[PDB]
Amino acid sequence: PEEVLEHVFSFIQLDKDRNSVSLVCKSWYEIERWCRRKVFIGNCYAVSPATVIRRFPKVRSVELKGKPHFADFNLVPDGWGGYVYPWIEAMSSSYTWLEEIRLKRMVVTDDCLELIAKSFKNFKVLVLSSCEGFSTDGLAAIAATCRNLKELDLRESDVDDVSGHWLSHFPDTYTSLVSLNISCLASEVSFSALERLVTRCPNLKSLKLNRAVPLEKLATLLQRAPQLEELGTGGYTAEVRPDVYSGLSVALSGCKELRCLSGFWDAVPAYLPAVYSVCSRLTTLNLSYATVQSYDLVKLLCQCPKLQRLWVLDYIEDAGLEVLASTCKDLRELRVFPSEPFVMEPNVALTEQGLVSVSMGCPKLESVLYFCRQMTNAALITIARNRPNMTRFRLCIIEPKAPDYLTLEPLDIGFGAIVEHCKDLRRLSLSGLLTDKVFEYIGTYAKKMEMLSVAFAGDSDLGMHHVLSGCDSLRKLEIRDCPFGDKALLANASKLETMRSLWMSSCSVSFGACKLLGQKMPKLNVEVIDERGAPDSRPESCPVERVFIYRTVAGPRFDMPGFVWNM
Amino acid sequence: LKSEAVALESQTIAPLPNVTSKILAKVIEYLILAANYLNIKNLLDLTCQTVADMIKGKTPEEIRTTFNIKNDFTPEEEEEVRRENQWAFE
Ligand SMILES: O=P(O)(O)O[C@H]1[C@H](OP(=O)(O)O)[C@@H](OP(=O)(O)O)[C@H](OP(=O)(O)O)[C@@H](OP(=O)(O)O)[C@H]1OP(=O)(O)O
């Protein structure tokens, strides 16, 4: 009976499993759609709001993603798109019971936030990840009105910081906060309102402060929330005083469930030790903002045996990474960011050896993002052989086209070893000197790769061809500054219907190829993004600044600015 | 019961035309159809989860194989749905 099938489905919540059940027969299709609780829309222009709402009438959680990843490198001009308002407007009428909206790289305005606050009485979760377009006034509308709000998470968003007064709009009757991430906000929130908020929210488990909360006020907040599981500090600087340090130490030690620490802006080495009571059970440490030196980092890391995720500046150095490799046997993810990315000569002793050390020492290491100035094929081969379980490998050599510094060869064979030996590698970002041969290796071996990012690499269209011809699992390809043009794109046009998207900027793709691709593939949006005026004002052979291609069931979008043309 | 605390698990019970003696025996000892008919929440959950585990990670074809459902989608219809599923909802 229908009621049993719906109950069987209640235990099936994976998107892919949902889609699979929807295709077994027409009856399962109907029962499935009427009880689907969440939708994940990885490209907001792949489908229209109306299509979503009419298929899945009883959705309570929506996740939407807008601009592609290279937006992070400012390669998507302002005004390109990713407007969420059309989605909020459509849902406002139909999804009365909506509880969660999670957005990434979307343009979200105060009008959006006001309409959310007003339309969705049961609204509980707002995650704005790398979004832009709104201000603390929109935030004030959410705080004033969303009586049931549990999560307000603004991670990496660009907010118009009009005033910190917004937070004082949460009323005295509001007690339901579970997660608050305001780390992106420059404006100072009322500290008294913040302390009152934390005090009255007994289920608060994640509190990620902004920089404007000074270190001398931190212990105060921690005393009010001893149940915290995640803490992002505010500022981490003060005059060095025994009373301040002792108050901080005690407050942190009273947080027995703390597992994740971040923030640390302007961190003073004298005050880092106050977190040591936490260290023993910490599983995530984000020291990205702390410009503290290797030895101080090492003293902290020495006593984090349970660490699973570390983000750290290259100040860790090869010596700090050797320590990490012996101490943190459960490490799963390491990200090492550049302290001085605009200086060509090394300012720290961080090289390929640091990454080699961690590859040898941490048997569960499977996700790497590593910025460095030098690399060898030998090191990459050692890494691949040591870690055949690697699933995400992103290596960012600061100098474009830097060869192996010992042999002066391209890094083709080293990355070749990565894709050959790491059979479940799903994400790869390439850098260093690379020829078409690395792409041949990728095509042959990277059969599980879903996301590939390429910059300043390859020799000819043959490189891009090997990737489109060979990479069976490819979902996202993004390319900048490579000698790839018309031939591989057009020869592999049908492959594009199997991918979320393809991005190519500062490559050799002609306007004429984009026009022809658009003609051939009507179910693709082929968007030429060019700030030099109408492309038909230059010869058809002239390369476009950018092209962004994506499959869609919605057809050409209605919100293109003047510098975007759909073919 | 014809096919106290044990009986009262069933909200229907709280003379059973729709349950067989063999299946009733199992219900007491503690199927999906009986658990639903007798409105016994926990037996429903156990049995419905077990069924869900027969579906998870399987293709549409494997599903109607383990069950015994025929594909009533026209090829046009099946392509339109699969396309929407993959392009929009994955
Ligand atoms: O499955 P996708 O839609 O391709 O999303 C991926 C995935 O993030 P999600 O948790 O939203 O699935 C990545 O997680 P990883 O496995 O690489 O760690 C994330 O990477 P980060 O961990 O760095 O967040 C990456 O985001 P990004 O491309 O910004 O690095 C993002 O891809 P999207 O760009 O499509 O969101």
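One-based numbering, in listed order, for ligands and for the atoms of each. Atom set for the values below is all heavy atoms of this structure, side chains included, hydrogens, waters and symmetry mates excluded. We name chains A, B, ... by the order of the sequence lines, and we start the count at 1 in each one.
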Interfacing atoms of ligand 1 (cut-off 4.0 Å, heavy-atom, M451(A)): 4 (O), 32 (O)
Close-contact set for ligand 1 against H69(A) heavy atoms, below 4.0 Å: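 Selected atoms, number and element: 27 (P), 28 (O), 29 (O).
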To check your reading of the model: name the closest protein heavy atom to [atom], its residue, and the distance in Å.
atom: atom 14 (O) of ligand 1; value: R427(A) NH1, 4.8 Å
atom: atom 3 (O) of ligand 1; value: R500(A) NH2, 2.8 Å
atom: atom 9 (P) of ligand 1; value: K65(A) NZ, 3.7 Å
atom: atom 21 (P) of ligand 1; value: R335(A) NH2, 3.7 Å
atom: atom 24 (O) of ligand 1; value: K104(A) NZ, 4.5 Å
atom: atom 15 (P) of ligand 1; value: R392(A) CD, 3.5 Å
atom: atom 4 (O) of ligand 1; value: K476(A) NZ, 2.3 Å

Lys/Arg-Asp/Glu bridge criterion (N-O < 4.0 Å) met for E450(A), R392(A):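 Salt bridge absent between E450(A) and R392(A).
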Check each heavy atom of [X] against ligand 1 and say whether those closer than 4.0 Å belong to the side chain, the backbone, both or neither.
X: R102(A); answer: neither
X: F40(A); answer: side chain
X: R475(A); answer: side chain

Aromatic ring pairing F415(A)/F393(A), orientation class (parallel under 30°, perpendicular over 60°, tilted between):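 Perpendicular: the ring planes of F415(A) and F393(A) meet at over 60°.
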Heavy-atom donor-acceptor pair, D472(A) side chain to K447(A) backbone, under 3.5 Å: no
Side-chain donor or acceptor of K495(A) paired with backbone N/O of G470(A) under 3.5 Å: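 Absent.
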Heavy-atom neighbours of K56(B) NZ exceed 12 at 6.0 Å: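 Atom NZ in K56(B) is packed in, count exceeds 12.
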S367(A)-ligand 1 polar pair, N/O distance under 3.5 Å: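 By distance alone, the answer is no.
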Backbone or side-chain N or O of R105(A) under 3.5 Å from ligand 1 N or O: yes
Salt bridge (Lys or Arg N to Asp or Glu O under 4.0 Å) between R557(A) and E527(A), worked out: CA-CA 10 Å; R557(A) 62 186 172 106; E527(A) 295 188 359; 2.7 Å; yes
